[PDB]
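Asks: Sequence, then the experimental structure. Questions to follow.
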Amino acid sequence: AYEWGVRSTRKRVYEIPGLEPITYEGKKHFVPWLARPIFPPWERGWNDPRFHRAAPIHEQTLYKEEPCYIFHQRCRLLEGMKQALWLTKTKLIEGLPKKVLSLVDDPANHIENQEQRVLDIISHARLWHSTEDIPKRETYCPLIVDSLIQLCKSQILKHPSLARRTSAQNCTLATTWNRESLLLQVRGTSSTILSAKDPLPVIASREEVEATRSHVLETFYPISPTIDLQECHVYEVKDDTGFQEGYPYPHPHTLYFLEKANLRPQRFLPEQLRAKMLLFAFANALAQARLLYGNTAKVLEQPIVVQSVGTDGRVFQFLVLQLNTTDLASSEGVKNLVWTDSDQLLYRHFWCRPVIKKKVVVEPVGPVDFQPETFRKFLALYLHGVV
Amino acid sequence: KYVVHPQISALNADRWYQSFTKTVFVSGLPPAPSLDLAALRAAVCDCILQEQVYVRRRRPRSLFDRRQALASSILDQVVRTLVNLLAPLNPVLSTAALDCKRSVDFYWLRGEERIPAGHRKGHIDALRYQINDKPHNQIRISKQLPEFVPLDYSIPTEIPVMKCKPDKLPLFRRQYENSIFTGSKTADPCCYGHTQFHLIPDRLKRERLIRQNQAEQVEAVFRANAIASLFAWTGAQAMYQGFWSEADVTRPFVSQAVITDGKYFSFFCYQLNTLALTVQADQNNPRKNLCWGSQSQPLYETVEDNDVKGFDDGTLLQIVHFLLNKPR
Amino acid sequence: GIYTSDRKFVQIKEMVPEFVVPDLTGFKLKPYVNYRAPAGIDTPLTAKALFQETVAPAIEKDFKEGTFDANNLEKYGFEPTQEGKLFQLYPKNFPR
Amino acid sequence: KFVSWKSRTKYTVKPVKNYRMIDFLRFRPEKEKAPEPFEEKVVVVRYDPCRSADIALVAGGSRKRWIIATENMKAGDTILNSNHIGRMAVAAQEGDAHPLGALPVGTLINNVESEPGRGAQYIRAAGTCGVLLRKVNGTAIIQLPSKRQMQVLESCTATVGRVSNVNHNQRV
Amino acid sequence: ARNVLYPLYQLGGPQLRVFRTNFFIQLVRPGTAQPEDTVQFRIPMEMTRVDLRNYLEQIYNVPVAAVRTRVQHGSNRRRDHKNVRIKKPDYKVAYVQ
Amino acid sequence: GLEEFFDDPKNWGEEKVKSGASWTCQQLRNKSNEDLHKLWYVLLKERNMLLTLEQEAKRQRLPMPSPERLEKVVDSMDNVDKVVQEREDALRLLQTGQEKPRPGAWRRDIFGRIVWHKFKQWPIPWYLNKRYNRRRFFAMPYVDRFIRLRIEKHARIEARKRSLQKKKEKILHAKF
RNA sequence: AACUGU
RNA sequence: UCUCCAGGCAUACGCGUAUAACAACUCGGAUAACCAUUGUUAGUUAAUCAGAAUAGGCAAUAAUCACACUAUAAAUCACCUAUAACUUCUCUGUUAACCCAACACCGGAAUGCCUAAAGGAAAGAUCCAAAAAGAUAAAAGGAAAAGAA
RNA sequence: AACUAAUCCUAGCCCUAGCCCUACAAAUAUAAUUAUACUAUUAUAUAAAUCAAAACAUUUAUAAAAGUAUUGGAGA
């Protein structure tokens, strides 16, 4: 039976006026035969954090009646891609930018023994790195990406211009903007941000930027755009690019986000990762525009281009975002342009120990169905803007 | 078996480690393409020293790891950039493998003891030692480094001798798996290495040690970590080649490591000549292991505003000089 | 010290005793005394003796002069409260 | 000193160390909706360790909640929860929660509540079905598994269809 | 000081000062073989190793580098003429370098 | 100093060490408060040296020369403590009138006996301290039977004592 | 049936 | 040194000085030697081994080398938003041939590693009684080998 | 005249009389004896039966008048 009310609870002398009942307060200890004293509130003389209690939200000075919705890593959008596009006022073009694809077409871009080196790195990242027989994704997933970046970073010999960019750690990105009168905030942190001294080349011309006015953001009535976001009544308006002002590499080249959870239920779905990347990538791009052009709302004459790569060590997702407007109050008008490449598999499966069936080595200790094309797509993004 | 900590606060721990390792520690460095040293004075990335003021990150909850966390971030970034910057000059760096906070293990036997009591009283047992280290960074290459001195090189200096038992100095024995590791499995092609990087904790830093009255032990901490880390790391490499106690190495194994307290930087070079350290295997062995170390030197003075003042190129030159070295 | 969260010991400097060591240079008192020195008959000090030695002369002179009042009881040595002193007579808050 | 084991602070559909928190108030207005009829999807028909009948996960809007499964609930089915008393007969899909006024006489029902807002307390066992014996204006007769026929207001919520394991009463 | 009550400390409270010390220690020839700098001491079981460090540094002006301490269990096997177990007083051995 | 832990090298090997009488209480009272604190450490230093020598003698299975020295030092130290305590006690009584340094009161245990309860300092008050309230300072009703037994036991003790004296008296008459 | 110190 | 046997080492639990050295030869070992006995003295060393703040917001998708792949017994705090605190290494465990069974009881006694490099000794001496017990061998023969029902 | 053993007097008690009684430190009811917060804190219905009535059932004691009268399976 459904219970209304906690189931746990389910199965004279003082009145005299002008006189005070005697109580064991004088005794300084409880005795059943004496009346319970009336105790005024106790004062410790100092504040104990262990016994301290946080004040209620409404009493906070920063409390605001309007709700600020904050998006963080754990947030999972119910509508996935559709909600992200509406919130970020961006127009989606399938596939990577035409320029990015052409980067790896150049023979010089291709690394010498690129597939073999990736295969060796994959084997090292999965097996040789540690003494454990079967290392888990929590360990090799950070390692494989770092090793791949070093291999890509080794291309500075071919292209000295690559020396103008560096990667930072635990960069925090945050912005606040309004969509159709709805207050939206995106908070992103962790991972790494590749930054270069020069902005990434604009993918779409000003004429193309104006053409985005025709595009209309898709709606999903009656579910509100603020679904799955953290509703906040105590908040502060902030814009963060991951670095304080004065950074010599103000332009972020790529925004990485790694999902190293070993278990699939513990791992965000591919759609959710891209949705998280879109908001986080949009926030970083928006912060750059706000710093450069101030807090005014207007269509950006010079679009800002930023990239994001999300991988779990086996599946790789590549995202490129171009910020075309800062006038995000309206849902119609110039829209940001985003290029999406999803479900790029480095390898279908990897065996960390030899698989012997009927005294036959069916599977070696190496990646299964390894696809060097995925690394090429990753290589294209890294080299983009330099070659 | 005895558990050996590469970083330990025991007095004369380097001397005790040398006795267990049969290593002689000679003070100073081992006997012996322009790149704009001034460009590397800044290409070494004072930018990460600039980024520690710019790169925003969630504040540590402890409030004590803030200082230590900062040192790790700068060192990792500096190592990454330096490898890329020095790659064109030295092709070895291109083929090298970089290891971050990975474990190096070595298991060796030196000496013997008589059981004093118990059901096995009087029985003879060897003294077992295990060294487990996790260098902040180390570089693994597929080719052996050039020797700094020919094998069988002899010097008048004598290895330390310990009067008391190992247990008298704080040390405890435990029974667990014996492991010899080079930082990666034998399948990894890079069975050799270029350099090893170590970071001293705050507890062992100069300021606390001086307050604790163990100012003289600052160099000992540097030496103990260097000798333990390099010997264990070098010994594993030789075993990967098939050389063991009864089959001593036919070629000297050499390695170098750098230990920093966060400001000061020290350089150490180790050469492994003997794998026969057991009483039986070392019964008649004239060869001995040799280690060369240098005093810790500041790499800079302070970092105010958004730049670094007082950077010392000399320490960087040793890193540059070390990195440029390649086998002949 | 105090053990904080995470099972981590946090030594408290205030709770760590500091040994106050007297200066023995120029001090003529030693562990033993002469057999030449006569033994001392025990005369334990009492509140009456302490009051008589120090407080009585002040009040006696003041009372004859007439300059005696309740407000000036502290002048003769009364302490209204033990707070403010490092060593509090009652409740005893100081170690030997 | 007794604290019930059903002490989870937050209602969740994930198994709890497993036990899944069931919801017996079928018409609880979900988030981002007015107190008006709303629809839900039967995500999965799972097994409930603590109840004889199997529980079907019913999901609508932004809220996911476990509910008791009727005879023919399967994955992907559509479940409607209405408070409005239909002027005409309301479309009846097995497992839907509608006021007894909307339903016509003779429809098998389960998870009925004696009083409006009480929540499902009867016909929650396997093979138990309540017959709507009579319907007059705002009053209806609901036969509970105890064989007690009771008269309740049309506002009371009743779920159409018999409970899962239709042959529970026929077990031999 | 032993067998005495120590003042309870609260935030902002005074530093603890022991003007008179009841701790008494004895220097003992090491039973085992120890380094020459290492010294064995028998100290009251209520004394901490930090207390010994301050004790030697302040009272005797002795510089101390490292301290290792052990608690020796007193054998209770001994019995009297009435067959009543006699317990040896437990003592703490401190190895001070 | 390390030498202070040991006896004079000249005295080593001597049958005894010449030492005088211990400090008497009156002489310590004559000494100043600062002098008393200084003297305490001086006595303690000698006591530790004598204790240090004695322990080595136990290890060597040898007698301690002039063991009376330790007794004299201990007697002097004991005299010092009471003299200092006397001055502290007198002033506490004058300023506060309390006969005990620690707050306390008479309380009844669960056995019905009346015992002096020494108060403990807490950061919280008694009414907010459930554990202190959990401590029982009340006597159960069944203790009335025990109270009668205690009175009877006291009478029984006197009766048994008389019997013990009687047996002793028998020999007195027999002997005399 | 064989087998065997039954 | 030789001959031969083949569960050994750590932790848990329990035990609580049975540990080690010296000195004893009375008592304990169901006999000696020697100690496990008697007396006395000594012992086990840890920043790494082990033990000893608060209020809100929000969570669909097991594992099995987890990829494919199915299945049924249905199989996992985090992170955000605020509040509070602000510089730390003391205390305790560490010996042993050891415990539960009245006993130095042919019994009972968890886990990890390994299988001899670890760990051990069936012979107090003599005699070769009968009778009895166990083991081994059987000429011819086979109920006076492992096959069928 | 020998062995094993034996030898002893106070160790103390018993009943009345008399008499009511008002006899270190440190740690502790938390896990008693754990130097500071946890977790609120709490005994007890006729006394019965056994037993006697040779079992068992109502029932069965706990100054003189006087073991008179009554009561009682009129019986203990």
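Replies: Noted; the coordinates are in hand. Numbers count the residues shown, from 1 in each chain, chains lettered A, B, ... in the order given.
Asks: Over to residue D:109: give its phi and psi.
Replies: Geometry field for residue D:109 lists phi and psi as phi -140, psi 160, criterion degrees, to the nearest 10.
Asks: Secondary structure element for the nearest residue in space to it that is not next to it in sequence, which one?
Replies: Nearest non-adjacent residue to residue D:109, counting by C-beta to C-beta, 6 or more residues apart in numbering or on different chains: residue D:158, 3.9 Å away. No exception for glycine: its C-beta is placed from N, CA and C like everyone else's. Assigned by DSSP states H and E, residue D:158 belongs to strand D:157-160.
Asks: now do residue D:140
Replies: Following DSSP H and E, one finds residue D:140 within strand D:139-143.
Asks: between the next helix or strand after that strand and strand D:139-143, how big is the angle?
Replies: Sequence order places strand D:149-153 as the next helix or strand after strand D:139-143, per DSSP H and E. Counting by axes from the mean of the first three to the mean of the last three C-alpha atoms, to 10 degrees, strand D:149-153 points 150 degrees away from the direction of strand D:139-143.
Asks: Sheet partners, orientation included, of strand D:149-153?
Replies: strand D:139-143 (antiparallel) (DSSP bridges).
Asks: residues in contact with the partner strand?
Replies: D:100-101, D:109, D:112, D:130-135, D:149-154, D:156, D:158 (C-beta atoms under 8 Å, 6 or more residues apart in numbering or on different chains).
Asks: hmm, 7 Å instead?
Replies: With contact meaning C-beta atoms under 7 Å, 6 or more residues apart in numbering or on different chains, strand D:139-143 is reached by D:100, D:109, D:112, D:130-134, D:149-154, D:158.
Asks: So which residue of chain B lies furthest out from the middle?
Replies: No residue in chain B sits farther from the centre than residue B:119, which is 40.3 Å out by C-alpha atoms, centre = their mean.
Asks: Chain F too?
Replies: Residue farthest from the centre of chain F, counting by C-alpha atoms, centre = their mean, is residue F:174 at 43.2 Å.
Asks: before we move on, which element is that residue in?
Replies: Using DSSP H and E, residue F:174 falls in helix F:143-175.
Asks: which of the residues in that helix are buried?
Replies: If you call a residue buried by 16 or more other C-beta atoms under 10 Å in any protein chain shown, then helix F:143-175 has these buried ones: residue F:143.
Asks: do it and RNA strand I meet?
Replies: Yes - contact of helix F:143-175 with RNA strand I (C-beta under 7 Å from any atom of the strand) involves F:151, F:154-155, F:158-160, F:163-164, F:166-168, F:170-171, F:174.
Asks: Looking at the chain, which helix is longest?
Replies: Picking chain A for this. In chain A, taking DSSP state H as the definition, the longest helix is helix A:270-293.
Asks: nope, chain C
Replies: Determined from DSSP H, the single longest helix within chain C is helix C:56-65.
Asks: Now the residue nearest the centre of chain C: closest residue in space that isn't a chain neighbour?
Replies: Nearest to the geometric centre of chain C sits residue C:87, at 7.1 Å (C-alpha atoms, centre = their mean). Excluding its sequence neighbours, the residue lying closest to residue C:87 (C-beta to C-beta, 6+ apart) is residue C:94, at 4.3 Å.
Asks: is it true that that neighbour touches residue E:7?
Replies: Yes - the criterion here is C-beta atoms under 7 Å, and residue C:94 meets it with residue E:7 at 6.5 Å.
Asks: Okay, buried residues for the longest helix of chain A please.
Replies: If you call a residue buried by 16+ other C-beta under 10 Å, then helix A:270-293 has these buried ones: A:270-290.
Asks: Same question for stretch A:42-54.
Replies: For stretch A:42-54, burial by neighbour count (16+ other C-beta under 10 Å) applies to no residue.
Asks: Name the strands paired with the host helix or strand of residue A:194 and say parallel or antiparallel.
Replies: Here residue A:194 sits within strand A:192-196, counting by DSSP H and E. Strand partners for strand A:192-196, identified by DSSP bridges, are recorded as strand A:165-169 (antiparallel), strand A:251-258 (antiparallel).
Asks: which one of those strands lies closest to residue C:73?
Replies: strand A:165-169 (70.5 Å; C-beta to C-beta).
Asks: following the closest one, which helix or strand comes up?
Replies: Sequence-wise, the next helix or strand downstream of strand A:165-169 (DSSP H and E) is strand A:173-179.
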